[PDB]
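> pasting the first bit of my complex, frame unchanged:
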Amino acid sequence: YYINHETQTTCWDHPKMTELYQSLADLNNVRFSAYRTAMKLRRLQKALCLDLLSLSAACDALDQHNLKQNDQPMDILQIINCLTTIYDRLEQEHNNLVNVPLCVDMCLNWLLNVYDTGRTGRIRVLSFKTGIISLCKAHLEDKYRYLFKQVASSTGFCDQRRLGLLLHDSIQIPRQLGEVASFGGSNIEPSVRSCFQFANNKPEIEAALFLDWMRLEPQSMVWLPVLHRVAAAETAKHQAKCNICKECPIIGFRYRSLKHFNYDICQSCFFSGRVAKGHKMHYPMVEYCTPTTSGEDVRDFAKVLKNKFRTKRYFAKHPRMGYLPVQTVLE
């Protein structure tokens, strides 16, 4: 690695990953926390070109090398051979989009940076699979059923300690990028307390209970759905315009006002804060990823009309403090 004596810092940044990290620092302009993180890992996922890796290939990779001892220490040699074989297979399938040496170096260096800050060349294989499957591009329900099955025993049961390990391994990623404090920091215990309060202090937690628990935007996990949501709104074209920068049409997200008529703003105009004189941005908004339908438009019209007669500032939120869960679209 690299040693900086003047700052006394140990760095494992790949030069390509160094360029990626500089780009992330430049794109830090988003004032919002988890939206900025979602954009950042989207940049990283597109950069290391694993989005074209399928989930079934991930199952084949994990079950091919017989890696089922979750507590077994992992050495550099085994992971490099497995990862090289996987990217060689990907190049066999994606010859025009896969560079095996660069890809394996990027993946190994990424994992080394995130999970092995202790400079030991060893990391729990459970953390490895959780990270590589969180970065993996796939659907949603399959992801949760897979990681629950991975953590649960043959009976499909997961105790408090297991979910604590998963919580820690999950928050490891925001810790790498120095924004874990927004999701509550390294303290995973409050998440366990909330999950047990939901489950009325049940002795054990099953798959369906965990599904229902996370389907209500848990504070520490917001970076899983939002990420996918961003992945669902990178090629969406709306039939509208941005009232600030005169974009036509909006590509990507769409944001609609509620206490105004014929007001819409693009994603960049929203995160950056192009403050046009006359109207502020501290009012309730509505977020749209997919192109809208007529029913949604008329319902928004009705909501605006109803709000027009519910004035006098019943509820106000001037500071940001974290305004991530704007509104649910229910796909």
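Perfect, thanks for sending it. Numbering: from 1, shown residues only, chains lettered A, B, ... in the order given.

> In PDB, please show the C-alpha coordinates belonging to stretch A:175-191.
Taking C-alpha atoms only, stretch A:175-191 is exported to PDB below (Å, rounded to 0.1, in the frame of the first residue of the first chain):
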ATOM      1  CA  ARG A 175     -18.400   4.100   6.800                       C
ATOM      2  CA  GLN A 176     -16.000   3.800   3.900                       C
ATOM      3  CA  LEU A 177     -17.400   7.000   2.400                       C
ATOM      4  CA  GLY A 178     -17.600   8.800   5.800                       C
ATOM      5  CA  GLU A 179     -21.400   9.400   6.000                       C
ATOM      6  CA  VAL A 180     -22.500   6.600   8.400                       C
ATOM      7  CA  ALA A 181     -23.500   9.200  11.000                       C
ATOM      8  CA  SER A 182     -26.600  10.100   9.000                       C
ATOM      9  CA  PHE A 183     -27.900   6.600   9.200                       C
ATOM     10  CA  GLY A 184     -27.200   6.600  13.000                       C
ATOM     11  CA  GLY A 185     -23.500   5.700  13.000                       C
ATOM     12  CA  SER A 186     -22.000   2.400  13.900                       C
ATOM     13  CA  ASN A 187     -24.500   1.900  16.700                       C
ATOM     14  CA  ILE A 188     -26.500  -1.100  15.400                       C
ATOM     15  CA  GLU A 189     -28.200  -1.800  18.700                       C
ATOM     16  CA  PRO A 190     -31.100   0.700  18.100                       C
ATOM     17  CA  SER A 191     -31.900  -1.100  14.900                       C
END
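
> got the buried residues for that stretch?
Buried residues in stretch A:175-191, counted by 16 or more other Cβ atoms under 10 Å: A:175, A:177, A:179, A:180, A:182, A:183, A:184, A:188, A:191. Heads up, the C-betas are built off the backbone N, CA and C, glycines and all.

> repeat for stretch A:232-249
A:233, A:238, A:240, A:241, A:242, A:243, A:244, A:247.

> for residue A:138, what are its contacts?
Counting by Cβ atoms under 8 Å, 6 or more residues apart in numbering, residue A:138 touches A:54, A:55, A:58.

> at 7 Å instead, please
With Cβ atoms under 7 Å, 6 or more residues apart in numbering as the criterion, the residues that contact residue A:138 are residue A:55.

> cool, residue A:319 as well?
Contacts for residue A:319 (Cβ under 7 Å, 6+ apart) come out as none.

> sec struct for it, please.
coil (DSSP: H, G, I helix; E, B strand; the rest coil).

> Over to the one 5 residues further on?
Reduced to three states with three-state DSSP, the structure at residue A:324 is coil.

> I figured it was touching residue A:222, is that so?
Yes: the pair residue A:324 and residue A:222 passes the contact test of Cβ atoms under 7 Å, sitting 5.6 Å apart.

> Of these two, which one has the most company?
More crowded of residue A:324 and residue A:222, by other Cβ atoms under 10 Å: residue A:222, with 20 against 17.

> For the more buried one, grab phi and psi.
Phi and psi for residue A:222, reported as degrees, to the nearest 10, are phi -60, psi -20.

> So which residues of the stretch 101-250 of chain A form strands?
A:123-124 (DSSP state E, counting those that start in this stretch).

> where along it do the helices fall?
Using DSSP state H, counting those that start in this stretch, the helices of the stretch 101-250 of chain A run over A:125-135, A:141-151, A:160-176, A:189-198, A:207-214, A:223-231.

> what would the buried residues of stretch A:232-249 look like in TSV with distance to residue A:133?
TSV is the format used below for the buried residues of stretch A:232-249 (distance: Cβ to Cβ, whole Å):
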residue	distance to residue A:133
A:233	22
A:238	32
A:240	36
A:241	39
A:242	36
A:243	41
A:244	39
A:247	36
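
> add chain B to the structure above:
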Amino acid sequence: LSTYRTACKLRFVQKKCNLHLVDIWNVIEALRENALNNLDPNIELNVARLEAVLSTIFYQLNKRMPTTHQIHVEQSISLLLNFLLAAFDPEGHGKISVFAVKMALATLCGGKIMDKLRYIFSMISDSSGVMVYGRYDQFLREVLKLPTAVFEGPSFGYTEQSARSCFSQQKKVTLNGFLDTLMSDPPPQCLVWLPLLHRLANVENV
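One more chain to add, chain B, which I have set with the ones above:
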């Protein structure tokens, strides 16, 4: 005014070191990462541990800081370490107390004043949720020692009766009562100095 001069000096120092840009949440996260939060406040630490904690805090602050304005991480870290050494160890012993470091971090961290007051009250509060009068006196003494480094110690000297001027010794200190005392117009010396420092920082920033 001497209090006004001290508040202006503190605001200028915070602006130069960007201390107001670091929230207390980053501070507690760094302390948990360094395991100093679980450590006893009476346990001292070497200069290496404090330097590592400051460097980690600066690194996590800058990682989310846009490249639009590059920050001299090394120079800022050196200045912060020198200021902490001057405020906590005038004799240059090289050892920094955990309680003094925590109090200084809470004071210098920017964010909502109510949140900082609640955090300070929770830290002062014992396992039963009641603040300790001895803890309040120790905090006042540490604050007075810190104000001496800004060449304004006479206006904020170490007085044991100052806590008696804030709240009654025979009356329990609650979060609501502490917030009311701190936010009141006739605030005590420490509460007035905190509001004065906040006003000076707000004026300097805007």
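
> The contacts of residue A:138 again, this time with chain B added?
residue A:55 (Cβ atoms under 7 Å, 6 or more residues apart in numbering or on different chains).

> Can you give me the separation between it and residue A:79?
Distance, residue A:138 to residue A:79, by Cβ to Cβ, to the nearest Å: 21 Å.

> just residue B:193 next, same as before
56 Å.

> can I have stretch A:8-25 written out in PDB, keeping just the CAs?
What follows is stretch A:8-25, C-alpha atoms only, in PDB (Å, rounded to 0.1, in the frame of the first residue of the first chain):
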ATOM      1  CA  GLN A   8       0.400   9.100   8.900                       C
ATOM      2  CA  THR A   9      -2.200   7.500   6.600                       C
ATOM      3  CA  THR A  10      -2.300   4.100   5.000                       C
ATOM      4  CA  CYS A  11      -4.000   4.200   1.600                       C
ATOM      5  CA  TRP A  12      -4.900   1.300  -0.700                       C
ATOM      6  CA  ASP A  13      -6.500   3.400  -3.400                       C
ATOM      7  CA  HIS A  14      -6.300   2.000  -6.900                       C
ATOM      8  CA  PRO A  15      -5.300   4.700  -9.300                       C
ATOM      9  CA  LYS A  16      -8.600   4.100 -11.200                       C
ATOM     10  CA  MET A  17     -10.300   3.900  -7.800                       C
ATOM     11  CA  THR A  18      -8.400   7.100  -6.900                       C
ATOM     12  CA  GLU A  19      -9.900   8.800  -9.900                       C
ATOM     13  CA  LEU A  20     -13.300   7.400  -8.900                       C
ATOM     14  CA  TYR A  21     -12.900   8.800  -5.400                       C
ATOM     15  CA  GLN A  22     -11.900  12.200  -6.700                       C
ATOM     16  CA  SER A  23     -15.000  12.200  -8.900                       C
ATOM     17  CA  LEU A  24     -17.100  11.200  -5.800                       C
ATOM     18  CA  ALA A  25     -15.600  14.100  -3.800                       C
END
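
> Contacts (any at all) between chain B and that stretch?
Yes: judged by Cβ under 7 Å from any Cβ of the partner chain, stretch A:8-25 and chain B are in contact via A:22, A:25.

> which parts of that stretch are buried?
A:12, A:14, A:17, A:20, A:21, A:24, A:25 (16 or more other Cβ atoms under 10 Å in any protein chain shown).

> among these, which are in helices?
By the criterion of DSSP state H, membership of these in helices covers A:17, A:20, A:21, A:24, A:25.

> residues near residue 63, how many?
Picking chain A for this. Number of residues near residue A:63 (other Cβ atoms under 10 Å in any protein chain shown) recorded here: 10.

> wait, chain B
Residues near residue B:63, counting by other Cβ under 10 Å: 15.

> Look up the closest residue to it, ignoring the ones flanking it.
Excluding the flanking residues, the one nearest residue B:63 by Cβ to Cβ, 6 or more residues apart in numbering or on different chains is residue A:178, at 3.7 Å.

> right, and that neighbour touches residue B:58 too?
No: using Cβ under 7 Å, residue A:178 is not in contact with residue B:58, being 10.3 Å away.

> Close to chain B: what parts of the stretch 151-300 of chain A are there?
Close to chain B, as judged by Cβ under 7 Å from any Cβ, the stretch 151-300 of chain A has residues A:177, A:178, A:179, A:180, A:181, A:185, A:186, A:187.

> same thing but at 10 Å, please
Within the stretch 151-300 of chain A, the residues that sit near chain B (Cβ under 10 Å from any Cβ of the partner chain) are A:175, A:176, A:177, A:178, A:179, A:180, A:181, A:182, A:184, A:185, A:186, A:187.

> Mind listing residues that contact stretch A:231-243?
Contact partners of stretch A:231-243, identified using Cβ atoms under 10 Å, 6 or more residues apart in numbering or on different chains, comprise A:38, A:42, A:45-46, A:51, A:137, A:225, A:247-257, A:260, A:262-270, A:274, A:276, A:279, A:287-292, A:329, A:331.
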